[PDB]
């Protein structure tokens, strides 16, 4: 079909965190049906970033989630038109991130456009002081609602000084054309930052994502 075994992507983010505006550009690739991918990102404006990269890392790809055959792969089916999503993240210390995204397919590649606004992070908190050390593996609980696919997750960021820093994330994913919605299931995700330069202006990431049954 139109999604191959191997697919490349291009991503653009504009964003702002606590007033600091930035842009990021990137490129990636992976195995949609295997649920694997990598990306190399660069900050093209407003670098070096005066906040933790970990609040950006999960915003850069839902077509690359391995699904068993009997769970409708709603986000794969949305193509070539693609899909949109809208995400709210509430961090435990009052930080808030909202994100919007458009995905489409152009000349055999995915094209992702992201906008992000983070606000109300305490200035001494672990985001503005760069004290996070990456994401624990997590599970997004998916379920259909009101003509769209919803995802909920509790994210846990590791802190450099021991301990964890949590967020509650809810996401609405909506296909540009009406396609087959799944029922309730789970997506296990591990996301690692595989390399970075000293100021996180060039970052590489790797993500593995797999759909699992919640019932039966």
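Numbering follows the first chain given and starts at 1.
Asks: Please say, as none, 1 to 3, 4 to 9, or 10 or more, how many residues of the deposited sequence are without coordinates in the interval between residue 60 and residue 61.
Replies: Missing in between: 1 to 3 residues.
Asks: Averaging the C-alpha B factors as listed in the entry, name the stretch that ends up higher: 70-78 or 102-110.
Replies: If you average the C-alpha B-factors of 70-78 and of 102-110, the larger mean comes out for 102-110.
Asks: Could you check which stretch, 61-69 or 178-186, carries the larger mean CA temperature factor in the entry?
Replies: Of 178-186 and 61-69, the stretch with the higher C-alpha B-factor average is 61-69.
Asks: Can you tell me which of 151, 50, 28, 147 has the highest Cα temperature factor in the record?
Replies: Out of 151, 50, 28, 147, the record gives the largest C-alpha B-factor to 28.
Asks: Can you work out whether the C-alpha temperature factor of residue 91 puts it in the lowest, middle or highest third of the chain?
Replies: As the PDB entry reports it, the C-alpha B-factor of residue 91 lands in the lowest third of its chain.
Asks: What third of its chain's C-alpha B-factors does residue 135 belong to: lowest, middle or highest?
Replies: It falls in the top third of the chain.
Asks: Classify residue 202 as lowest, middle or highest third according to the C-alpha B-factor given in the PDB entry, relative to its own chain.
Replies: Highest third.
Asks: Could you say whether, by C-alpha temperature factor, residue 165 belongs to the lowest, middle or highest third of its chain?
Replies: Its C-alpha B-factor belongs to the middle third of this chain's values.
Asks: Please place residue 193 in the lowest, middle or highest third of its chain according to the CA B-factor in the PDB entry.
Replies: Highest third, going by the recorded CA B-factors of the chain.
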